[PDB]
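*Asks:* Structure in structure tokens, see below.
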Amino acid sequence: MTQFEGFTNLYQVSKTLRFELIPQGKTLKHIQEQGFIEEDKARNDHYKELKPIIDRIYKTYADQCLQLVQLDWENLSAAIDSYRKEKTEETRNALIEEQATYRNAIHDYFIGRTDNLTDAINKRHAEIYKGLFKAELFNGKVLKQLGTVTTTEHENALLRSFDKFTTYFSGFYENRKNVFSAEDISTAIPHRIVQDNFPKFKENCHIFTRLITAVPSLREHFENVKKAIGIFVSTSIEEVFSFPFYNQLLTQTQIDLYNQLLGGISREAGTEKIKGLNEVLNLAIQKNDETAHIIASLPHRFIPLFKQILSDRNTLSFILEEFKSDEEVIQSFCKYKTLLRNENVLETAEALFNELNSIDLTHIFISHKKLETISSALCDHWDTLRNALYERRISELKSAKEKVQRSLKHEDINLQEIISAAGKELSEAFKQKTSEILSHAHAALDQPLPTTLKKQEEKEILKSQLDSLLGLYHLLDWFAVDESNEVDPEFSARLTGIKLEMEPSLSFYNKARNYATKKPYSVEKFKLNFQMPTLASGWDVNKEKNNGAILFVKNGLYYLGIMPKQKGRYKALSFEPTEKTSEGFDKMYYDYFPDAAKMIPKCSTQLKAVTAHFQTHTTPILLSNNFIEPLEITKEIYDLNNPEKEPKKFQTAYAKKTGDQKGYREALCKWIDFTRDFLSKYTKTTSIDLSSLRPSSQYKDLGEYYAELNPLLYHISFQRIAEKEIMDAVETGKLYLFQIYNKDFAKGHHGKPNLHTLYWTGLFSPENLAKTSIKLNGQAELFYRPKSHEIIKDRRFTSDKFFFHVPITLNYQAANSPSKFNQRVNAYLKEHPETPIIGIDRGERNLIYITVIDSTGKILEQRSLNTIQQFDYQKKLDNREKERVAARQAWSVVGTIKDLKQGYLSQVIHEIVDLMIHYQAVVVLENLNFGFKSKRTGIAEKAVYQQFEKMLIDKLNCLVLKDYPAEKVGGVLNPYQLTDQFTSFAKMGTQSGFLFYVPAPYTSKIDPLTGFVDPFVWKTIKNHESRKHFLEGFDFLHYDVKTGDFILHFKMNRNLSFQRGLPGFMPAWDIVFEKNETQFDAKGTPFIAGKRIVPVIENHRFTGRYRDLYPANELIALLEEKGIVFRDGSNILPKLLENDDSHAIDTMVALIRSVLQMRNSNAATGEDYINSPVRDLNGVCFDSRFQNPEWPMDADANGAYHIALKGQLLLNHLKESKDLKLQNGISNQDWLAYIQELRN
RNA sequence: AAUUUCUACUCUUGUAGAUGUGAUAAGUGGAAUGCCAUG
DNA sequence: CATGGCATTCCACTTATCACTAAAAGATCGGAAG
DNA sequence: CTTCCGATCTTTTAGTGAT
């Protein structure tokens, strides 16, 4: 028997807290006199400007090392293909093994242990390889091994700035250490060139050979384009797509060349571009040949390879030089404008335009690749003047039309022919547009230019002027000025001259675009160091004179004290713990052993002395220093810790591979005895009690023992320290003291502290001191950021502040990582069938809506979350989005929307968890991958809502409640754990702890009462013939004289061409055209039954506005127009098909589509509602207007109800799932079968 | 109109809710501009 | 009035690793012994 | 006085986890 409160203290989580530091007294002065702010800023400046120097060494050794790699890829390809053939598990582990094998073989070159190379170069590579991740870089020791990077003296002087400070790069050391590891990390060289680029190359090989065997004609094309691109000149175009050629393509340059081969070199602007492989293949597919139909039947795009890590860009395509400063761009543009003006380009341009009215118009030609732009700009469609010329050339005449379009679309056409086919209205539109363009250009030239562009309006005016400029250029480039056909010599000469005169605006335009779109600089914080190499790396009392960080607690307040190096050295400053009665500070005492698995072998078995001693002789060795008693080390123990093999005999890999569990158990028992002896005899840990441990042979796994052991090591005490001593240490300058501070520690606050502040209070709670649930962690940094009743707006940026970041770990007593968490959740839900369900849906009126249901599907509660603390957030969302797109072409700042995002989502989250703890339910969300929405719904931007899952996940990872008692479940010391750690959206299945994921569609459109939804697709019916075929596909239709409603009876296996193809649970349907009489709700307001809302599409191609409809009244008006008698209950179906005019058929189709339109909404009038045309088995026409709380209130409420029902189905299957597993989503047919089944 | 930071309010010189930092790397998507084609 | 494939720049986003460290080991430096 | 030696300060390091 497990209970809901049992889901706590399951696994550790790690959080970071941020605080502002207030200096206390003279320490603010004394930090300035040492000037550590400027020194640290200079240090950090040296760091980021020296970082690109360092990785050049990494790049150089990577390129040198990889060029010797030579491997067969046949086995890896075979494994990949075999796993592709069928996705059984043992092939997956086979492919995993092959991937690890290839990764290790590639890493062998890096370590210098590869077999294929000789021993001298192997030892050379090893001698290099040990030097990358040490201080050998900074003194240039490894530079002697390379002699290739060849830094200048300024770089060497930069390297001299970090003498005796190499620990600053430890994080960078680890970051680059992830690179050269065969450990399947996504950010690693061998994982990239094994699992990322190589499958792409293999499939590119296979699609190439399929293209070759499909048609051999493009083999000539491919060799031709290789010769044109001039890349890989020493190999065949077949051989490059062969597996042995992947012995190249490891360095960046070959990757770049391959990508250029796929894409093609881009020349400078205004020039023809050399096409690539994908481009020529797309040109082949765009010819609409039967061969293209053969190609369209095949995959038809190569895939570029991923970029090699740490390298740079070395493309052959043209790179435009970028601008530097505002004054540069404005002076360049001012002088360009004055040059253009003094060149009098406008006057000769005007002379060029009016010349057209007094020239032989057939003697001037227009480029065939620009005429469609002119047709679009001067008519309602691009195809207007194209079809005009097409039908003119047709009119002056099967294959003849082909020759006409061939001669038309490719050849440049004289202007007189254009005028003859077009008409003088296009001439007047042309002269109007040219007048507008010349007016814009003249105004832009007359308009001066601002003194900078940091304001948006300056960017606007320059963008407008330069925009008019390249618009004029686009106007100028319309004319086919080439002399292949006739062209007027003086006119062409003046046109070419003026185009060359005003040419470089386009380059000016792109350079201005690149300069203005740069993100503006803002001031940043940087890490403080106080000349401490290891400032606050850890808190331990032994290291506290080296890490230099000491905490104090004073009557509720918190103080962090830093002592610096005095006269360039660590003066041993210490204090005396006085009585608790004495006034003063309470110093924290950090007694901590980091981890048994790393420290015990370090201080015990992997010392230099023991390794030397036991290499010489087999005699056991006694260790004395840092031990109260001489510690025995046996040969056997060293053999277990140093097995000359990957699996240690006490560790579980030995058990998994070997299988001899006896030796595994005995080695484990011996190891536990040894580490118990070590913990007994070691100086730091001899004072700790370990009586809570089980005896040695009872333990199951070593990791279990370690996870048991680690919480015993960590321990905090507190000692009162006299106040005047601390004051004297501060006044001497020997102690820098800050107060840890946030909003909540201010005196003017009352009630509801911030959650992080509540964590901080809970860390130092005496109960947490008794047993450690909240553990303070190491590696804390300090940041300095410079500067940037009536209250001052933006007060917190006015002056410089000292920031403080500190990591803490929650649920310390729990295990390191969760295991079988979903299994535990499924077990609890199996034991509790009575658990409620909460459904979430994204509405159109509401941003989000919630529904609470039981196991019986009864609505406990629905509620609007559209407004929280009486605010409409969708309004601000749409204003911010419209300013985003308005600033997009405006060359403005990009900005962010995500603060308003998470501000609304936080209140949503808080309401969600309040409901969750109140109801002890589960929560169902829609799968983000299996759906699509747009602006018709409120919040539904896919990027917006997908991110909303994330804070839900980690808030449910370590959920606490601010008003709970700290010792209670849901308090600080017992956080609720309900989910697992989020990794990636594509990673988790349908279940994440108590959360559940279901397919989005077929949720809102269904009637809740019986499970009816329209099965008919309506884009099928385009003509009255299809509409007639649709209306004949019906069973029986008659009018109820008693109820005054029109009754349609429908069966499956009819209109299957118009169905959506998903069968329902029952084959019978009885649609009722409800009479549009008045009806009343639960409250008493009248409403019209069957009322529908419909957009306007009367113009047959566009969408209008919304309007009302009364289908029964319009229906009876239609039959009175047709004069067909229907007050008899007779079959109206033969009577309707008698009148075969397309208008009548279209009207009845529209009416029955409208009554099949389940969703009814118009926010302009404010009516969002659901009316079911299909009546109940009780005969009740369902409406959401009835306001029954038993049924959903609104349409989005209906969707939330239905997604809750989907979750109910999924967990009911879990109840039937005896394997404790879950389905891979929910099939739509299964869903509608289920909902129709229990509804009917 | 305040905040470690962010959001919403403003009486409270504050309120309520959220808030894993740092470093590194890669990828994706937009937009603009050119080039070649197609409807 | 758009689409397809490319190329350059700029911006935005996600995604995917590592650390959450006391002590050994080694460098080095200032003051007494030969 | 230089060499050495013991103090002292950076720098690297140690490695678990399912029938």
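Using PDB author numbering, the letters of the first sequence correspond one by one to residues 1 to 397, 403 to 793, 856 to 1307.
Backbone N, C-alpha and C define an ideal beta-carbon position, used for all residues, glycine too.
Report all residues from its chain with a CB closer than 6 Å to the CB of residue 846; omit the five preceding and five following residues, and keep chain order.
*Replies:* This structure gives no coordinates for residue 846. The numbering of the chain moves from 793 immediately to 856.
*Asks:* Which residue spans inside the region 1157–1213 form an unbroken beta strand (DSSP E) run of at least 3?
*Replies:* As far as the region 1157–1213 is concerned, its whole beta strand (DSSP E) runs of at least 3 residues are 1159–1162 and 1173–1176.
*Asks:* Expressed to the nearest angstrom, what Euclidean distance is found between the alpha-carbon atoms of residue 852 and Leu645?
*Replies:* Coordinates for residue 852 are lacking, as the chain steps from 793 to 856 with nothing built in between.
*Asks:* Report the partner residues of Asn419 according to the DSSP bridge assignment.
*Replies:* Within the first sequence, the letter at position 414 stands for residue 419. Per DSSP, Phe365.
*Asks:* Of the choices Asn1255, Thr101 and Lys548, whose alpha-carbon is the least far from that of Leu71?
*Replies:* For this step, residue 71 is matched to residue 71 along the first sequence. If we check each option's Cα against that of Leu71, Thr101 comes out closest.
*Asks:* Please tell me whether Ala672 and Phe655 are closer than 7 Å, where the distance is taken between their beta carbons.
*Replies:* Here the question's residue 672 lines up with position 667 in the first sequence. Here the question's residue 655 lines up with position 650 in the first sequence. Contact flag set, yes.
*Asks:* Can you give the Cα-Cα distance for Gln452 and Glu327, rounded to whole angstroms?
*Replies:* Position 447 of the first sequence, counting from 1, holds the residue named residue 452. Position 327 of the first sequence, counting from 1, holds the residue named residue 327. If you take the alpha carbons of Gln452 and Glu327, they lie about 18 Å apart.
*Asks:* Give me the residue from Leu1129, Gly1038 and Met1055 with the minimum Cα distance to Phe1083.
*Replies:* Translated into the one-based positions of the first sequence, residue 1083 becomes position 1016. Checked all of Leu1129, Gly1038 and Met1055; the closest Cα to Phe1083 is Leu1129.
*Asks:* Here's the rule: buried if 16 or more other CB atoms are within 10 angstroms of the residue's CB, otherwise exposed. What is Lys468?
*Replies:* The residue labelled residue 468 in the question sits at position 463 within the first sequence. Flag for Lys468 reads buried.
*Asks:* Taking the alpha carbon of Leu1045 as the reference point, which residue from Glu529, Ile1114, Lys1000 and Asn889 has its own alpha carbon closest?
*Replies:* Residue mapping note: residue 1045 aligns to position 978 of the first sequence, counting from 1. Comparing Cα positions, the closest option is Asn889.
*Asks:* Report yes if the C-beta distance between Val1036 and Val1027 is below 7 Å; otherwise report no.
*Replies:* Stepping through the first sequence from its first residue, residue 1036 is reached at position 969. Stepping through the first sequence from its first residue, residue 1027 is reached at position 960. No, the Cβ-Cβ distance between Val1036 and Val1027 is not below 7 Å.
*Asks:* Taking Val975 as the reference, give the member of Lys1000, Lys1017, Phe999 and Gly962 with the closest Cα.
*Replies:* Numbered from 1 along the first sequence, position 908 holds the residue referred to as residue 975. Residue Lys1017 is the option with its Cα nearest to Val975.
*Asks:* As a quick exercise: from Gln1224, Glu5 and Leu50, pick the residue whose alpha carbon is nearest that of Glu153.
*Replies:* For the purposes of this step, residue 153 is identified with residue 153 of the first sequence, where counting begins at 1. Ranking the options by Cα distance to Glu153, first place goes to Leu50.
*Asks:* Pop quiz: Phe997 and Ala1067 are said to be a contact at Cβ under 8 Å. What is the actual Cβ separation, rounded to whole angstroms?
*Replies:* Taking the first sequence and counting its residues from 1, one reaches residue 997 at position 930. Taking the first sequence and counting its residues from 1, one reaches residue 1067 at position 1000. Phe997 to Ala1067, Cβ: 6 Å. Contact.
*Asks:* From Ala188 to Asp108, what does the alpha carbon distance come to, in whole angstroms?
*Replies:* Numbered from 1 along the first sequence, position 188 holds the residue referred to as residue 188. Numbered from 1 along the first sequence, position 108 holds the residue referred to as residue 108. If you take the alpha carbons of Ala188 and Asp108, they lie about 14 Å apart.
*Asks:* Since I believe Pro299 is in contact with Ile207 (beta carbons under 8 Å), could you give me their beta-carbon distance rounded to a whole number of angstroms?
*Replies:* Taking the first residue of the first sequence as 1, we reach residue 207 at position 207. Taking the first residue of the first sequence as 1, we reach residue 299 at position 299. Yes, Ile207 and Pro299 are in contact; Cβ-Cβ is about 5 Å, under 8 Å.
*Asks:* Whose C-alpha, out of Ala485, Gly543 and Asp81, is nearest the C-alpha of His363?
*Replies:* Taking the first sequence and counting its residues from 1, one reaches residue 363 at position 363. The option with the nearest alpha carbon to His363 is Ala485.
*Asks:* If we call anything under 7 Å between Cβ atoms a contact, is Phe1132 one with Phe1117?
*Replies:* Within the first sequence, the letter at position 1065 stands for residue 1132. Within the first sequence, the letter at position 1050 stands for residue 1117. Cβ distance not < 7 Å, so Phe1132 and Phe1117 don't count as in contact.
*Asks:* Tell me the residue span of the beta strand (DSSP E) that contains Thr338.
*Replies:* Within the first sequence, numbered from 1, the residue matching residue 338 stands at position 338. From DSSP, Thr338 is part of no beta strand (DSSP E) but of the alpha helix (DSSP H) over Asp326 to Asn342.
*Asks:* Just to confirm, are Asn9 and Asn878 a CB contact at a threshold of 7 Å?
*Replies:* For the purposes of this step, residue 9 is taken as residue 9 along the first sequence, with counting starting at 1. For the purposes of this step, residue 878 is taken as residue 811 along the first sequence, with counting starting at 1. Closer than 7 Å, so yes.
*Asks:* Can you check which of these residues, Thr1070, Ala405, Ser325 and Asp1208, is closest to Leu458 by C-alpha distance?
*Replies:* Reading the first sequence from its first residue, position 453 is the one you call residue 458. The residue with the shortest Cα to Cα distance from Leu458 is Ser325.
*Asks:* With three or more C-beta pairs closer than 8 Å as the rule, is the region 173–193 touching the region 210–220?
*Replies:* In short, these stretches do not touch, since the Cβ pair count stays below three.
*Asks:* Mind checking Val735: buried by the 16 CB within 10 Å criterion, or exposed?
*Replies:* Within the first sequence, the letter at position 730 stands for residue 735. With 16 or more Cβ atoms within 10 Å of its Cβ, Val735 is classed as buried.
*Asks:* Which residue from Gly276, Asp55, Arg92 and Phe110 puts its Cα closest to that of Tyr173?
*Replies:* Here the question's residue 173 lines up with position 173 in the first sequence. Of the listed residues, the one whose Cα sits closest to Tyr173 is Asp55.
*Asks:* Would you mind working out which of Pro648, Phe201, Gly270 and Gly276 sits nearest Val240, comparing C-alpha positions?
*Replies:* Counting from one through the first sequence, the residue named residue 240 turns up at place 240. Residue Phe201 is the option with its Cα nearest to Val240.
*Asks:* In whole angstroms, what separates the C-alpha of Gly767 from that of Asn759?
*Replies:* To locate residue 767, count along the first sequence from 1; it is residue 762. To locate residue 759, count along the first sequence from 1; it is residue 754. If I take the Cα positions, the gap works out to 12 Å.
*Asks:* What residues in its chain sit with their C-beta under 7 Å from that of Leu262, if we drop five residues either side in the sequence?
*Replies:* Numbered from 1 along the first sequence, position 262 holds the residue referred to as residue 262. Correct list, in chain order: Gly276, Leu277, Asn278, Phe302 and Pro304.
*Asks:* Give me the residue from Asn1238, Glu430, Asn631 and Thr586 with the minimum Cα distance to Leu1076.
*Replies:* Residue mapping note: residue 1076 aligns to position 1009 of the first sequence, counting from 1. Comparing Cα positions, the closest option is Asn1238.
*Asks:* Name the one or two DSSP bridge partners that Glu786 has.
*Replies:* Looking up residue 786 in the first sequence gives position 781. BP columns for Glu786 point to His872.
*Asks:* Report the start-end ranges of each beta strand (DSSP E) in the region 733–786 that is 3 residues or longer and not cut off at the edges.
*Replies:* You should have 741–746 and 779–781.
*Asks:* Please return the same chain residues whose Cβ sits closer than 8 Å to the Cβ of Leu346, not counting the five positions on each side in sequence.
*Replies:* For the purposes of this step, residue 346 is identified with residue 346 of the first sequence, where counting begins at 1. Contacts found: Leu443, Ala446, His447 and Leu450.
*Asks:* May I have the straight-line CA-CA distance separating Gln1013 from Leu1019, to the nearest angstrom?
*Replies:* If you number the first sequence from 1, residue 1013 lands on position 946. If you number the first sequence from 1, residue 1019 lands on position 952. Their backbone Cα atoms lie some 11 Å apart in a straight line.
*Asks:* Quick check: what's the CA-CA separation for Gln936 versus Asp1030?
*Replies:* Counted from its first residue, the first sequence places residue 936 at position 869. Counted from its first residue, the first sequence places residue 1030 at position 963. Cα to Cα, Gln936 sits roughly 20 Å from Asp1030.
*Asks:* If you draw a straight line from the C-alpha of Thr1087 to the C-alpha of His1167, how long is it?
*Replies:* In the first sequence, counting from the first residue as 1, residue 1087 sits at position 1020. In the first sequence, counting from the first residue as 1, residue 1167 sits at position 1100. Straight-line Cα distance between these residues: approximately 15 Å.
*Asks:* Determine, using beta carbons only, whether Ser1221 and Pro1178 come nearer to each other than 7 Å.
*Replies:* Position 1154 of the first sequence, counted from the start, is the residue given in the question as residue 1221. Position 1111 of the first sequence, counted from the start, is the residue given in the question as residue 1178. The answer is yes: Cβ separation under 7 Å.
*Asks:* For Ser587, which residues from the same chain have a beta carbon less than 7 Å from its beta carbon, with the 5 sequence-adjacent residues on both sides left out?
*Replies:* Counting from one through the first sequence, the residue named residue 587 turns up at place 582. If we look at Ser587 and ignore the five residues flanking it on each side, its Cβ neighbours are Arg725 and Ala727.
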